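Virtual Cβ from ideal backbone geometry, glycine too; neighbours counted across all protein chains shown. All of the numbers you see were taken from the coordinates with simple rules; none came from a lab.
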Amino acid sequence: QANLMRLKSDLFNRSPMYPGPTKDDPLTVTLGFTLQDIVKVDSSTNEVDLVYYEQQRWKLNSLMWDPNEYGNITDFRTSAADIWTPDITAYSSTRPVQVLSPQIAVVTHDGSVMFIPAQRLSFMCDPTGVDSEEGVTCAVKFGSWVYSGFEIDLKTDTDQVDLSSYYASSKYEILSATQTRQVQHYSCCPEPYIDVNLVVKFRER
Amino acid sequence: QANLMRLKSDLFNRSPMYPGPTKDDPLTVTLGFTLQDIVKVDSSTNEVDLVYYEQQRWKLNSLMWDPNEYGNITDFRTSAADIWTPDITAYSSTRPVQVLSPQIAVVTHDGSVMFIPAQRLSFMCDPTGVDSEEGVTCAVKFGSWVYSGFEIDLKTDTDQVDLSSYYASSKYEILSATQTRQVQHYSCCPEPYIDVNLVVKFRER
Amino acid sequence: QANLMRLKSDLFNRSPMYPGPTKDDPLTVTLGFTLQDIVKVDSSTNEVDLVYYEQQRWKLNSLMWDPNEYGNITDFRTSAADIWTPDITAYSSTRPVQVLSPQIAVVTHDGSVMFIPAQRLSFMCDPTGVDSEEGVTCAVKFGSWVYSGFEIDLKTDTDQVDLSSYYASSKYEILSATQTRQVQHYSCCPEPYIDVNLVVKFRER
Amino acid sequence: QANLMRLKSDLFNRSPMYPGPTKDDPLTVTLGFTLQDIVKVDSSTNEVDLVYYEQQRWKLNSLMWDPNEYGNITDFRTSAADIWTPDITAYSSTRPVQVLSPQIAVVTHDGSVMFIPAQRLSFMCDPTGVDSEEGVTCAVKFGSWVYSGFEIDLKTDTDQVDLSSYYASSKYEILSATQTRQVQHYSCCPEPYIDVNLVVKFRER
Amino acid sequence: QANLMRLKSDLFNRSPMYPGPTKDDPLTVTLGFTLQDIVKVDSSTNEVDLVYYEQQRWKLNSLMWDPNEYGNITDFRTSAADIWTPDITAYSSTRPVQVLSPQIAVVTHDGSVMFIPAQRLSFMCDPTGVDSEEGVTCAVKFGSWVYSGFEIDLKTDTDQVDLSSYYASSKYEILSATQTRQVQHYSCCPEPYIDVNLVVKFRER
Ligand SMILES: C[N@+]1(C[C@H](O)c2ccccc2)[C@@H]2CC[C@H]1C[C@@H](OC(=O)c1ccccc1)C2
Ligand SMILES: C[N@+]1(C[C@H](O)c2ccccc2)[C@@H]2CC[C@H]1C[C@@H](OC(=O)c1ccccc1)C2
Ligand SMILES: C[N@+]1(C[C@H](O)c2ccccc2)[C@@H]2CC[C@H]1C[C@@H](OC(=O)c1ccccc1)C2
Ligand SMILES: C[N@+]1(C[C@H](O)c2ccccc2)[C@@H]2CC[C@H]1C[C@@H](OC(=O)c1ccccc1)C2
Ligand SMILES: C[N@+]1(C[C@H](O)c2ccccc2)[C@@H]2CC[C@H]1C[C@@H](OC(=O)c1ccccc1)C2
Ligand SMILES: [Cl-]
Ligand SMILES: [Cl-]
Ligand SMILES: [Cl-]
Ligand SMILES: [Cl-]
Ligand SMILES: [Cl-]
Ligand SMILES: [Cl-]
């Protein structure tokens, strides 16, 4: 359709790209995790591998449009390259995250963007006692690597991690999986930094 | 040489790229698998490695042309970068898919496109009992990561996976291989998401 | 160096790139293998690792020039990116080929191009009996992934693989190595596809 | 905000990029290490893997501005690609460094730049005696690969490595971690080269 | 700085890039190796891993300048991408070379260029007898992949490999390390190909 072709150029090729949030014009990114599998556990390096998808959501006034002015188009899909995306990083990874999904995001007329990156992550986790009935607990923090609390804010729609798509025949059972917002102060910086703490209690099936 | 150079310019450099399907202008992608080998089976992580090529076909009105107006050219080969391609993704992969073939597609005057990506896939599968006479059964779903059934529809020309090119001296005998269209409903969204379920039954040779 | 700078500009920057062969403009690519080493044999996955270089050769009328019109220059070296190159692919690889040589080709005034890519290949090969006196035999087909026989034809200057540069202290002895042209018919396509079959009989040193 | 979009334009797109330091216009880069984990130790190759983040800091006159002239903007985040960055390299690495953080730096109105790359490093370290109560000591030098002392100078805000974020359940305890500036002389060059020596004494739990 | 920025524009953005050497305008590249460590020895595949840096040196008339006309600037550092670099390749590698240093070269007013790439190399080497007092000897040839002797010539400033920076606590002692120039003849070509043979005799510590 000719209508959608016009909207994409009337937004991206017509205006310069979003320079990211500022202290004056902050941004709130809504985070959410859907855990798929605990693939590997390396007891000799205390490295644990997770397969999950991360639901990222934010709103930009620069991405708004009137659907009536563009042939009643409410939303559209686009390459994550064509738009600004938050630098949400795992604070205890041991190897670069592996992307398992297409780099496509969906933009809506109200300016809200949704990005659902699937990934394989290796993080610092001591699995001592995973073989027990009680199980072992491990956590990993996610947040911006460069933006403070005054620039990028985080939130979760639920504190419960989505386990509805967890791999039934995994070598590891999930006992609990939690996503909790945290406000931390680091020596580096006078301003606070926000993260979402992914905490999973698991055991050998 | 000169006629083909002109056609490619008029199709890609003159008109804007296809913005993908919409609910109003959907698309049907025909899927098909040609299984080559079951390379590896990791019983400690329940990860199984597949080598296959998936034939994907779709038709675009934006890609039509009159062969008489372009020196009786009926079709041509082009980089998969020069054209829109469907985001068909494996829903239970454990590592990024490895591409084993050139990223070239073949376009025909009727607007039909054919892309046959060869790849190595590691997916979640419990291989317990592969050592038996009966063998073990495993499945993996393929479908769009961002487009719903209202935007991208999937179909198969047959429900029989092409095993004509399966590696005769593989460590694993293929007992059966099936490709079935399935329509799923996810908690995530209020529209159905459709996929192609690849179901293999195999055993040790 | 001024003469060569003019020639390279007048060929590539003056004319649009070669859109690849067609049935009206066919092409014959001469193939040849120089086997260097059989590095690894994985009996649990039936994957064998080769190190070789393949000599690719073709001729383009679009790449012809008068040496007298360009300061008696008969030939020149150029990046494989600056020119069209055939999509010669291994039909039974298990992992993406690893390039071990620079991506440079040599162009001659008659329009003939020579490209000698060195590479490490992992392909489907059952090594059962490599430990015997008789040894084990394995094969791998090479050919275009998208072009038929009426677009790209293949030929060999000899059926005998160059073993003159094979690694003397390899863990595996080559008993024989053959390169044979094959014309194959696939259901997919009304035209015959053509390839070069690399067959190597080898054993433990 | 357009105020920032105009500043990024007037800095980078208006002026040519910084050609790096010279003997006439030198630069001092402030270095600092935050050690996160000692992931593994390979006693058969004497290779040790570290996870840490490097804090890089320098000031450019070409990057300073009056905040009042650009809507009271004191600082901003930007891709490490659109700015010059020092070539600080590990002098005893055994494999290419793996980047674990986004390639974003923060520029301030005074022309001071801060870059905090997180990374996984494999370096030459003999772990003989890591099993003892005394532990083992290892070091790695960091510095410019091309710029000398007269071009790039290095300094540390402290000689103590930040261990505040070290992984509590690591297989290895840190006994001490030091960052010391060194001025060395190499045969290659008549001018002194300067580096920061990362020295860590550790032991297995 | 205003002065260096102008020279970098007048050198690269003014004139077209160097099309490489020809038979009429040859080039002599001076090679030199600084061996850092023998990391690994794989007796089951006869693959040995080296960590070293390779000093490359050549002179181009196209890169000459009058320092007085450019604010008494004698030399400058630049990306290896901005300039032509020789295709010096290891003739017996088993995996792609891993770069361990920044891709920056230093250009001098006389047109002489220096490039010092650090790298990790896996090459064909039978380590049988490394455990003995006598040790084992291994070699690897380095040279152009496309240019003959009549186009690129190689030379060494010394036949002795720099062992001054060899890793003190390496699992392997160097008994001798030699960098000798060789002129050979291959079947492929009527012109002689020239190379530098890196020969290292080593044993277990
Ligand atoms: C969350 N951070 C990492 C944090 O220190 C950390 C590191 C490892 C484990 C747990 C937390 C904090 C802040 C961002 C990110 C990287 C570090 O970043 C910084 O040091 C910083 C960031 C911006 C400007 C100046 C300095 C520290
Ligand atoms: C099928 N999906 C993956 C799902 O997690 C899954 C995993 C394993 C087996 C079967 C389905 C479901 C739906 C499409 C695809 C990607 C995910 O996509 C989404 O959740 C989504 C996509 C677009 C807009 C808003 C949300 C979840
Ligand atoms: C030679 N081909 C691959 C070969 O048959 C093969 C078979 C099994 C596994 C791996 C390679 C054949 C033909 C080209 C190439 C890729 C495949 O291509 C096709 O099926 C095809 C090609 C062009 C248009 C429409 C369909 C099969
Ligand atoms: C520290 N360097 C390496 C050094 O030789 C070394 C190597 C291994 C271990 C420890 C130090 C020194 C100086 C920078 C870096 C690379 C080498 O660089 C050079 O030899 C050089 C640099 C610029 C112009 C001409 C030559 C030597
Ligand atoms: C040294 N070469 C490889 C050589 O055959 C070899 C291969 C393995 C081990 C030792 C030497 C020789 C020459 C360069 C390089 C690549 C090969 O290159 C060629 O065959 C060639 C080069 C230019 C024009 C036409 C053909 C052969
Ligand atoms: Cl693994
Ligand atoms: Cl590992
Ligand atoms: Cl493997
Ligand atoms: Cl290996
Ligand atoms: Cl390793
Ligand atoms: Cl040998």
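The conditions are (1) within 16 Å of ligand 6 (Cβ to nearest atom); (2) within 13 Å of chain A (Cβ to nearest Cβ), and residue B:23 fails exactly one of them. Which is it?
(1) is the only condition that residue B:23 fails.
Quick check on my filter: what residues within the stretch C:171-205 are of a type in the set (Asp, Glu) and within 17 Å of residue B:116 (Cα to Cα)? Quick ask: steps written out before the conclusion?
Keep residues of the stretch C:171-205 that are of a type in the set (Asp, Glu), which gives C:173, C:191, C:195, C:204.
Of everything in the stretch C:171-205, just one residue is of a type in the set (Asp, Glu) and within 17 Å of residue B:116 (Cα to Cα), namely C:191.
Residue B:130 fails exactly one of the following numbered conditions: (1) under 30 Å from residue A:35 (Cβ atoms); (2) surrounded by fewer than 16 Cβ atoms within 10 Å (Cβ to Cβ). What is the number of that condition?
Here residue B:130 clears every test but (2).
Could you tell me whether residue A:164 is closer than 30 Å to residue B:123 by Cβ, within 14 Å of chain B (Cβ to nearest Cβ), surrounded by fewer than 16 Cβ atoms within 10 Å (Cβ to Cβ) and touching an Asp or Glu at 6+ places or on another chain (Cβ under 6 Å)?
Details: closer than 30 Å to residue B:123 by Cβ: yes; within 14 Å of chain B (Cβ to nearest Cβ): yes; surrounded by fewer than 16 Cβ atoms within 10 Å (Cβ to Cβ): yes; touching an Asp or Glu at 6+ places or on another chain (Cβ under 6 Å): no.
The answer is no for residue A:164.
Is it the case that the stretch A:134-144 has a residue that's surrounded by 14 or more Cβ atoms within 10 Å (Cβ to Cβ), within 16 Å of ligand 7 (Cβ to nearest atom) and within 14 Å of chain D (Cβ to nearest Cβ)? Can you show your working first?
Of the stretch A:134-144, the ones surrounded by 14 or more Cβ atoms within 10 Å (Cβ to Cβ) are A:135-144.
Of the ones still in play, those that are also within 16 Å of ligand 7 (Cβ to nearest atom) are none.
No; the residues of the stretch A:134-144 include none that is surrounded by 14 or more Cβ atoms within 10 Å (Cβ to Cβ), within 16 Å of ligand 7 (Cβ to nearest atom) and within 14 Å of chain D (Cβ to nearest Cβ).
Looking at this structure, is residue B:44 of a type outside the set (A, V, I, L, M), more than 9 Å from chain C (Cβ to nearest Cβ), under 23 Å from the mean Cα position of the chain (by Cα) and away from ligand 9 (no atom under 16 Å from the Cβ)? If you could, list the steps in order and put the result at the bottom.
Working: of a type outside the set (A, V, I, L, M): yes; more than 9 Å from chain C (Cβ to nearest Cβ): yes; under 23 Å from the mean Cα position of the chain (by Cα): no; away from ligand 9 (no atom under 16 Å from the Cβ): yes.
It is false that residue B:44 is of a type outside the set (A, V, I, L, M), more than 9 Å from chain C (Cβ to nearest Cβ), under 23 Å from the mean Cα position of the chain (by Cα) and away from ligand 9 (no atom under 16 Å from the Cβ).
Only residues that are part of a loop (DSSP other than H, G, I, E, B) and under 23 Å from the mean Cα position of the chain (by Cα): list them for the stretch D:182-205, please.
Here is the first cut: in the stretch D:182-205, the ones part of a loop (DSSP other than H, G, I, E, B) are D:185-192, D:205.
Hits for the stretch D:182-205 are D:185, D:186, D:191, D:192.
Got a number for residues in the stretch A:107-116 being crowded, with 21+ Cβ neighbours inside 10 Å and either assigned to a loop (DSSP other than H, G, I, E, B) or facing another protein chain (nearest Cβ under 10 Å) (or both)? Steps first, answer last, please.
First, pick out the residues of the stretch A:107-116 that are crowded, with 21+ Cβ neighbours inside 10 Å: A:107, A:113, A:115.
Restricting the remaining residues to those that are either assigned to a loop (DSSP other than H, G, I, E, B) or facing another protein chain (nearest Cβ under 10 Å) (or both) gives A:115.
Here the count works out to 1.
Taking the residues in the stretch E:47-74 that are loosely packed, with under 15 Cβ neighbours inside 10 Å and of a type in the set (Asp, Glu) as candidates, determine which candidate is nearest to residue D:97 (Cα to Cα). Talk me through it step by step, then tell me what you get.
Narrowing the stretch E:47-74 to residues loosely packed, with under 15 Cβ neighbours inside 10 Å: E:61, E:64, E:66-69, E:71-72, E:74.
Now restrict to residues that are of a type in the set (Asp, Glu): E:66, E:69.
Values: E:66: 39, E:69: 41 Å.
Taking the candidates together, the pick is E:66.
Can you list residue pairs whose Cβ atoms sit under 6 Å apart, with the first residue in the stretch D:41-67 being under 20 Å from residue D:3 (Cα atoms) and the second being more than 16 Å from ligand 4 (Cβ to nearest atom) and not aliphatic (A, V, I, L, M)? Count only pairs 6 or more apart in sequence or on different chains.
Taking only residues 6 or more apart or on different chains, the pairs are D:62/D:18; D:63/D:111; D:64/D:110; D:64/D:111; D:65/D:109; D:67/D:74; D:67/D:109.
When only residues in the stretch B:28-40 that are surrounded by 23 or more Cβ atoms within 10 Å (Cβ to Cβ) and under 26 Å from residue A:50 (Cβ atoms) count, which is farthest from ligand 4 (Cβ to nearest atom)?
Looking at the filtered set, the residue picked out is B:38.
For the stretch B:94-106, does any single residue satisfy the condition of being assigned to a strand (DSSP E or B) and touching a residue at least 40 places away in the same chain (Cβ under 8 Å)?
no
Within the stretch E:42-75, take every residue that is over 30 Å from residue C:204 (Cα atoms) and touching a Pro at 6+ places or on another chain (Cβ under 7 Å) and give me the one that is farthest from ligand 11 (Cβ to nearest atom).
Checking each candidate, the answer is E:73.
Among the residues of the stretch E:85-105, is there at least one that is within 16 Å of ligand 5 (Cβ to nearest atom), out of contact with any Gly (no Cβ under 7 Å at 6 or more places or on another chain), more than 10 Å from every other protein chain (Cβ to nearest Cβ) and more than 27 Å from residue D:25 (Cβ to Cβ)?
No; the residues of the stretch E:85-105 include none that is within 16 Å of ligand 5 (Cβ to nearest atom), out of contact with any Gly (no Cβ under 7 Å at 6 or more places or on another chain), more than 10 Å from every other protein chain (Cβ to nearest Cβ) and more than 27 Å from residue D:25 (Cβ to Cβ).
Residue-wise test of (1) within 16 Å of ligand 2 (Cβ to nearest atom); (2) part of a strand (DSSP E or B); (3) within 30 Å of residue B:122 (Cα to Cα).
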| residue | (1), (2), (3) |
| --- | --- |
| B:21 | yes, no, yes |
| B:25 | no, no, no |
| B:28 | no, yes, yes |
| B:32 | no, yes, yes |
| B:35 | no, yes, yes |
| B:40 | no, yes, yes |
| B:52 | no, yes, yes |
| B:56 | no, yes, yes |
| B:69 | no, no, no |
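In the stretch A:4-20, what count of residues is obtained for those that are facing chain B (nearest Cβ under 9 Å) and either of a type outside the set (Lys, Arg) or more than 19 Å from residue A:110 (Cα to Cα) (or both)?
4
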